[PDB]
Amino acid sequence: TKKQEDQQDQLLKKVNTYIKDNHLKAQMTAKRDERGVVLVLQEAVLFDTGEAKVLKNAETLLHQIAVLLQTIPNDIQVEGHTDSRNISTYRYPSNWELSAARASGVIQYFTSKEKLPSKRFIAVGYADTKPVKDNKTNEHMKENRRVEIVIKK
């Protein structure tokens, strides 16, 4: 356990150096928690509101993330999170479906376009069950709309 704090710090340092070197600080942030090292991407850099298709302009960002993931062996868990708003549609009848569609759409890009191996990935949808703070203000809901790319321990 004492040596796995060192390797988690090494990885977080490597990810933060990659973000610096590639000038990605406005598009993503990285952190460390019990899951491992986590890249957080706000909804606006990947999708339109209430949609789960990866925007053409997000492809460069996901490519740069793929380049990083290609150099490490860890399994990758992509989590989708929504705010608590009801923006239901025919394609996404609830936040469960929307959050799971966003996670799986990111993974579809990583595996089908960037050719990272499917076996490294798990798609996870949390709907609105894991807010950053809450959904009591517009700013709090906006930060709840995110994808988290978890570089698993």
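So that there is no doubt, residue numbering starts at 1 and follows the sequence shown.
Mean CA B-factor, 111-119 versus 60-68: the higher value falls on 111-119.
On average the C-alpha atoms of 35-43 have higher B-factors than those of the other stretch, with 35-43 and 121-129 being the two compared. Residue 105: CA B factor lies in the lowest third for its chain, per the PDB record. Among the modelled residues of its chain, residue 95 has a C-alpha B-factor that falls in the lowest third, as given in the PDB entry. Among the modelled residues of its chain, residue 135 has a C-alpha B-factor that falls in the middle third according to the deposited record. In this PDB entry, the Cα temperature factor of residue 17 sits in the middle third of its chain's modelled residues.
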